[PDB]
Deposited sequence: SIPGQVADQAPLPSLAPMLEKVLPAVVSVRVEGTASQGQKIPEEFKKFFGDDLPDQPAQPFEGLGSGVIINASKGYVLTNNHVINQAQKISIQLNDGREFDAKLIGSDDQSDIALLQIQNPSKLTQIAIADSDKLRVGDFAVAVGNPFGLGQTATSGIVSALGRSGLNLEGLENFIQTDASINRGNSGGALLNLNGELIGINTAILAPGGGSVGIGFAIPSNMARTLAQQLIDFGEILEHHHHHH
């Protein structure tokens, strides 16, 4: 028996979705409400594709151009698996990170590495740095720890170093976008 990242990647698989509008990935944050976190540049009609092949309509709740974060609500949700979210403030340089995606809907894409830099100490301000490859194949998807908990959302808009939006900020700006949509 060989060590692998496949046993934790399989439990996370249904929470990571394909986004068709023009492709990218997304993450199910709330299954009951069908709230999916993805990237603004990916969407500038939206459809979401699960791992099991199921297709759903999705409406843009709102976005933040500066963080490249966009919140989507799937139209009539059912049998959805949501991701566990971790406190990104507890992240340390050297922690292991896995960047997961599912574009085209044909299967999971994963890259591995470490948390390289936090804050203004690398190369934006609020962003997370990782040596795990962030490309068009996992952009919009999840950045997880070895427990399979969301520590950030990958963004390819900006060497071997990648950017992710920390989960705490991704959660807060989703709440602010939900609240605004509730005044509307």
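Unmodelled segments of the deposited chain, in sequence order: 1 to 10, 32 to 62, 86 to 88, 168 to 171, 207 to 212, 239 to 245.
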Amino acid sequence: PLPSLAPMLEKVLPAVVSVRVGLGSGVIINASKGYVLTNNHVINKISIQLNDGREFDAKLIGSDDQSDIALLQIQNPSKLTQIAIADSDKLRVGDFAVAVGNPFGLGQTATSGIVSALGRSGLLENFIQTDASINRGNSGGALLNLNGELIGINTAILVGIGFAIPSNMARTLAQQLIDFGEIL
From here on, numbers count along this sequence of modelled residues.
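Annotation for 78 to 86 versus 107 to 115: the higher mean temperature factor (C-alpha) is found in 78 to 86. Taking the PDB entry as given, 10 to 18 carries the higher mean Cα B factor of the two stretches 10 to 18 and 164 to 172. Reading the B-factor column for the CA atoms of 27, 144, 50, 134 in the entry, the top value corresponds to 50. Taking the deposited Cα B-factors for 148, 140, 122, 152, the highest one is held by 122. When the CA B factors of the chain's modelled residues are split into thirds, the value for residue 61 lands in the highest one. When the CA B factors of the chain's modelled residues are split into thirds, the value for residue 158 lands in the highest one. Ranked by C-alpha B-factor against the other modelled residues of its chain, residue 2 falls in the middle third. Placement of the Cα temperature factor of residue 178 within the chain: middle third of the modelled residues, per the deposited record. Ranked within its chain, residue 67 lands in the middle third, by CA B factor from the PDB record.
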